[PDB]
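Residue numbers (PDB author numbering), protein chains in the order written: chain b, 490 to 555, 562 to 745; chain d, 1 to 289, 295 to 743, 748 to 772, 784 to 981, 986 to 1014, 1023 to 1111, 1124 to 1140; chain a, 1 to 365.
Each residue gets a CB set at the ideal place from its N, CA and C atoms; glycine is no exception.
Notes to accompany the following structure.
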Amino acid sequence: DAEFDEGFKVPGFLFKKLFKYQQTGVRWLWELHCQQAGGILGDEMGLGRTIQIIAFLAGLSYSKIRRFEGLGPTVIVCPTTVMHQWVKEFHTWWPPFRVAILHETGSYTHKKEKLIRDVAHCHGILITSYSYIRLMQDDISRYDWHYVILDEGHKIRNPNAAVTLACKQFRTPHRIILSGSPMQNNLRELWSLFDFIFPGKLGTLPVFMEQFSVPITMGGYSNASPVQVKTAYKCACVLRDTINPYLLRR
Amino acid sequence: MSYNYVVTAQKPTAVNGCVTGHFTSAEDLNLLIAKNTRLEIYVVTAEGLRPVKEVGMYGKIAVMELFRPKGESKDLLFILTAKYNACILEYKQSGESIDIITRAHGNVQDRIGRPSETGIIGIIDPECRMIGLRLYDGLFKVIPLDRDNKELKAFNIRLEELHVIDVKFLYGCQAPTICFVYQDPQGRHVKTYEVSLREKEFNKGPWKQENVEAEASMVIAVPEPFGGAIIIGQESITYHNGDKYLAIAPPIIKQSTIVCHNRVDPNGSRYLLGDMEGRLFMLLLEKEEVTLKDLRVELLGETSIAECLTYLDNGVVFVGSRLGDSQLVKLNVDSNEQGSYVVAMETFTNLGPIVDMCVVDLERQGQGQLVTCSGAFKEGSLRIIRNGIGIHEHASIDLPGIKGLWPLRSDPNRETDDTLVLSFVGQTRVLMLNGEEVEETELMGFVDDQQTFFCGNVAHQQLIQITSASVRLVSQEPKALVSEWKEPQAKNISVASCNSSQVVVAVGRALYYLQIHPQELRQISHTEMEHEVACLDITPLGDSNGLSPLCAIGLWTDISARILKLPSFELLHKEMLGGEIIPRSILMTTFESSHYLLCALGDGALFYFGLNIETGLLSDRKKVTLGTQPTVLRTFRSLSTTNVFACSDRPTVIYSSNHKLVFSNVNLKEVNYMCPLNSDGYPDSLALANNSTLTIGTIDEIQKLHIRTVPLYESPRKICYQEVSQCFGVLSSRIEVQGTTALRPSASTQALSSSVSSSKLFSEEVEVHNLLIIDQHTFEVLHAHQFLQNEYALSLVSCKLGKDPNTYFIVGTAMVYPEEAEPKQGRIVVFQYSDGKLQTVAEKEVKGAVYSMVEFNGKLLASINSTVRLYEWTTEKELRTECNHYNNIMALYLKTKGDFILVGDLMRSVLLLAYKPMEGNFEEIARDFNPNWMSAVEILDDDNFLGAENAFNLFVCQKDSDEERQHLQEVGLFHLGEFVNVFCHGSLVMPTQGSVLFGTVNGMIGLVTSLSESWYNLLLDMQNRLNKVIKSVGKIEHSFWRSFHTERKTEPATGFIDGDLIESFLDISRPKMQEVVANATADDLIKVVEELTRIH
Amino acid sequence: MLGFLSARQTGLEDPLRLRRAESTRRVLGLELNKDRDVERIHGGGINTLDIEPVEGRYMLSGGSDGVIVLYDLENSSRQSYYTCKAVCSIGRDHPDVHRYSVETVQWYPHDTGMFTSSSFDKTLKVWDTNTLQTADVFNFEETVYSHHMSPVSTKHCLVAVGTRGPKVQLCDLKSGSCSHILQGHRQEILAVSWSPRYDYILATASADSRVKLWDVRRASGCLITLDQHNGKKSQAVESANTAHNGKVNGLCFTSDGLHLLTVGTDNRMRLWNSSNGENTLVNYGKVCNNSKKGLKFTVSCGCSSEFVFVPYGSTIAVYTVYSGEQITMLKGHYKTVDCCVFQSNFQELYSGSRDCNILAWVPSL
DNA sequence: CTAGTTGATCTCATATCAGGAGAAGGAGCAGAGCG
């Protein structure tokens, strides 16, 4: 087995299948769990962000870390295309977990709320889509989720979209975003992602814009004075330093 | 930077903790004794204790408990150090090799925390599921064992009670259940908690909190049949098992508090209880069929004041004392007709709390000799410690004026010399010495009419006797003389010499060579020297053929220990010496390496040489002075090698250790002559004559520190030596109860004469203080002056003041009343000891406690409560103030060197004061602004000030190089682990500069001395190497152990070399040395470390 | 006492006894030393004092006039009487002086080379002690009522800042990131204090009568809200769980960090278990404060018994922490007392006050 | 029953001079108590 600080043992066979960077990832995710903070797995796509989550959750359940005796009920929000992909992935890389799909396709064939309750009681891994999160913020946000992974989490990049608010209604600190590109147009998107994972780190949205987005943007324009270039440089470095612990971008 | 070398002259002797168990083997019963830093392992034999291993911890052993985890064959040892190094030790013996492997270790010091008042508690679950440590207020550290650690990861449980007195794990509980007494404003209560290693928090205990006696200070977990706990308070002993509440108030335990206990049985039907008075009680649990019926306390007797006591077996109890000698007592079934069942079997020397000490060159030698105020209330005593060979005086016979001693095997078969010969003036008197019996019976062939310069056993199964007239070679078995030679002119032999094979005898200014042949004496060589012979030696050494090759000669008027080639009497070398004194003895011997010559003059000077077997040329001339009387040198062969003895006013054994010539002292008054003897009744013994009698004995030759004990039976406080009067003045203190009554006959109450202070100045149990004048030969209390009622004698100096010639005992006192926290009143009393009486020559009412007085350039420098003032001795013989100094919290310690005064404060730590005589006032020169609470202080150099803080640290301050020049710089830091009570210049012996001894509370005597920069660098390098090589018991780092440590500061050591660690460089095998000495050769460093060990 | 010296000398008692007991005895004897003075440099009241945690030699002092004075507390003169001379001073002419009242000032723990000071000009300025130039300036949108750097964090170097805003700002001095906010209070935060035991626990007290302890590492809001009654009056937490019945304008963890003392304008002090915020019900009686801003009070360290020294109007009231007994009230100021700081080496207390004086209280004899 | 298709139907994302009269406030200031 592989052992980390307090009680985290991930099975050795599982660990050996991983790469070195994926192992680093698993360690990073567990350090966050210790802090009770969230993070963004900003690995460039194709590196296999999902494999790292599988390993980490597997290790956490296996270690039976101490409300919850190891891994509680958890929800995975991922784009509609990849739900069965994630189901497949859990099934191969760790059969023991129950991975219920929440979708019209699904596998339940009853009312959905019964399925939500079932997973929240039997401590499964409820996969769902951003739509069903937007549409059942009421039902879903009544069950003490342990982990709230968002795959391709950039879809929460609009702080005012409904889906964003719904995703930010979840209460647990163990929020994770798996987003190959956690910033696509401007930093407002970044702030939004951080406000899901770590609600206070970057401040309020107005303050973030005032302090970071404006200066960092103005330093990119061709006509910007060198002074403003250097303010942008400063602010950019501050931002990287602020977000360093909580973003793992290989 | 300062370069200081600290070493242990006497390891700590105070037993701070002892446990029993099966540590070295499942069948052995071990007694593990923690003396402050030493762990001593014994085996509990049917008689006494057999030492097996003594290890040095890098820590003060705060906790020491044996526990046996499931499946383990034999007990593992848990030790917690004062710096909170935890370790679990196992004993692994592999044949001759013995190891203490560290099964686990760690550091459990919380970064922050109020260290608990009552002190570090360490308990172990009776089922070894956890080690509970109470280190800080409000927290309870748990070290799991079921989770088998190697790093001892421990977690705190928050304890809702912040003042915990004592705590124990209860027996017969499915969960680890602690029972502790804690103090809240509403009184003292006993509470229980269950420890959950899974939930890592407490739970409700089996039986709820109970309001107990006000002074409950002890919890005793009682084994499974009864369960429950027994809480000992001052006036009651109560038993709790949850519903049962037995309670007794035995009137006999009201007089003193019970401080230690031990479970005699495995089932807890009997406990020992030791009190601070030294009584020993037996607490009996009467079972009823099982529950507990009733409690009984019975007084077994008295012991030393026990810190810890352990019951070994068969009534043998080890009483481990911090205040007095530790004891091995027996508990008799029947009383001793004095009401006591305790009978002391053995006593282990304990230099107890060394509260003061002085170095006196008593016996007028060149050797210092510590006299220490050791021990406490009932165990107080003076210890005299010295370094010298010790021998037993078995066979004595008082024949005046011996002038000869030789071992003779009168039984020809045996190679033991069962006959002793002595020449007195003009005859020979022999001794049969048969067995241990001694009587004078005559062996044929030797004359009772002539002096004998020599006799002894020689080859061809022959004896030889050289007389003042002529030589006599006796055939041993058959009959008397068949060979005689005499001088042709019949001149008396003036100087002789002889060995087993040949003979060399001087006749005035000419010399004669004879050699022995069986039943014949053949003369060969002759010479005519310039002047008369003074001394000879012809001893064959490394002979390997049968005859010595060389000889040495000392001559008159040409003072020179010259060398001769034996077959020719010719001059091989002629080396002058100087002086008008004829050499009186000359010898050559081997010390492990080659032939040396030892020639001495009449005044104890003695020259050792490297003699060659081919040239026999004298070089490597170096001198040593030993005694004042003319000398004589005769060898005895030990187990190991030749060990030469010198006979004079100061008898000294001569020998070489690690190829280094040592000059040990022997602790006997005088020895005229010596001779080896190895009789059937006497093996390898000595035969030492004085002017009166023939003393006989044997020498251990271990060069151990010898410790005399003078029982005072009361707490000594100070001691000073008044040489002019031949006495020691000792401040003593005895406890009286009622007006008052002495609880026991103390040394003060048993003096020859006595007196009480009648002073016109000032007009349960109390402390009475006396000034004891003690004879410096017999150590009898010549006089005991009691001080005023409620007067505490604190300081005491012997000195002569001003210009008058009388040497005075000056005592500074304080008036102690319970109505106040700091004395407002006190006085400086001047005594003179003369004509066996102690007259009060002067007095001076001061307005505070006189904590310290040093005689300072003809003047008395006293330190009243916060003021340092200087007194002058006026022609009228009274003390008159000259100057004051007030910038002190409490001037507790005063030292002096020239015009400078070092003041150790209660908590401002040092102040360098100067008495500028031109003005007549003090000047604050420098000050150390760190808050160190001093325990003692010393002045090493003009600008180096040794200090000891009450946190067991040594620091050296240094006057730096503006107003930052008034800042002493702490250039030396070192954690001693001992509480220094006293420093004093001096040395216990005849590279390093200066020598400061110190005495500690645990009984350590250490030695600080100044090094040069080069040697300090070298020794620091080797210190790091040894740390890289030597492995400590609990895997503690030496640098961490010696790091300066305080509750509000922690810095690494610097400017101090652990002389213990360096001197450990000898006790490692050669490959390990090479590991040490990678980057000069090893033998260089062996020489270095030997020379370093030479200082103590 | 000579009993104490004799006990130390003979090993009857651990030397820890004599320190701690004597330390206590010294604390009980605190008396206004007229044999010690502090040089007057503030034109306005002293809001804050801070003795440096290592070596305790220097004190910083922040005034209502905006100046920061740096005093040397060692008696370098040979007399028994001395004035703690002022080494440096951020005076009216310094280019970087605060514009309005300095409200807090703090030595960087771990090193005397840098201190920090925050003001009503809405800035927290970090200063190089040696050159006495600002190394950094954090600007806040609201006036700063207090800040505090962790006495224990070898790892993080966050400054917690309480302003009139309802949010707690954490300012990272390592790359300067003043974005992180703890949100959950509702009115100005009048006092913040890091735990002396735990690296990342912060307690913050606010005018909404609530005190919250935070694990700033944690992304999930307060750990604990202190509740006066421990549950006797229990409500779904929207307005209940008030620590006090007024504003809570003071916090101080006890030395070992196991309890928290809060003072608020209901004229009470409470002692709270800092692990579960439970109320220990220590009484302490009536402690007058009506300060509208933070009240800076301390605890003793290294005594047999812990004491808390609280400004009580124009006096410093000394209380025993764990029993509540009022030891004494030290009476020597003329106007209200704003701050008292404890010198742990020698059991000396310095207290500033609105009358522009800093009085030293040193044990008598 | 089950995929497949097909509308709706939602969400989210993309970008730079010949007026006059009267009423209300404020400012300046004399002066009167008055503490």
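Member of the options whose CA lies at the smallest distance from the CA of residue i
i	options	result
a:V105	a:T131, a:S146, a:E74 and a:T134	a:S146
b:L546	b:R555, b:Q525, b:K663 and b:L566	b:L566
d:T562	d:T798, d:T308, d:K298 and d:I586	d:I586
a:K292	a:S153, a:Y100 and a:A207	a:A207
a:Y200	a:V27, a:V216, a:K212 and a:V102	a:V216
d:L638	d:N973, d:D625 and d:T657	d:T657
Inter-residue spacing [alpha-carbon to alpha-carbon] between residue i and residue j
i	j	result
d:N952	d:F975	10 Å
residue 410 of chain a	d:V259	In the structure displayed, chain a extends from 1 to 365; residue 410 of chain a sits before or after that span and is not available.
d:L29	d:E90	15 Å
d:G559	d:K628	16 Å
d:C604	d:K579	13 Å
d:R263	d:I33	17 Å
d:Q109	d:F155	11 Å
d:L914	d:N826	23 Å
d:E151	d:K1067	11 Å
a:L28	d:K92	55 Å
b:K725	a:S153	31 Å
Per DSSP, cross-strand counterpart(s) of residue i
i	result
d:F78	d:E65 and d:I88
d:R38	d:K35 and d:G56
a:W272	a:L260 and a:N279
d:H803	d:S762 and d:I793
a:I189	a:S206
d:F169	d:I178
a:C157	DSSP lists no partner for a:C157.
Under the three-state DSSP convention, the category residue i falls into
i	result
a:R20	helix
d:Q990	helix
d:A474	coil
d:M954	strand
b:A731	helix
d:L717	coil
d:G1010	coil
a:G165	coil
d:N1049	helix
b:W640	coil
Whole-Å CB distance - residue i paired with residue j, under 8 Å assumed
i	j	result
d:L710	d:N392	6 Å
d:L858	d:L791	7 Å
Check: residue i C-beta below 6 Å from any heavy atom of the ligand ZN
i	result
d:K820	Only the bare structure without any ligand can be found here, which leaves the ligand ZN out of the picture.
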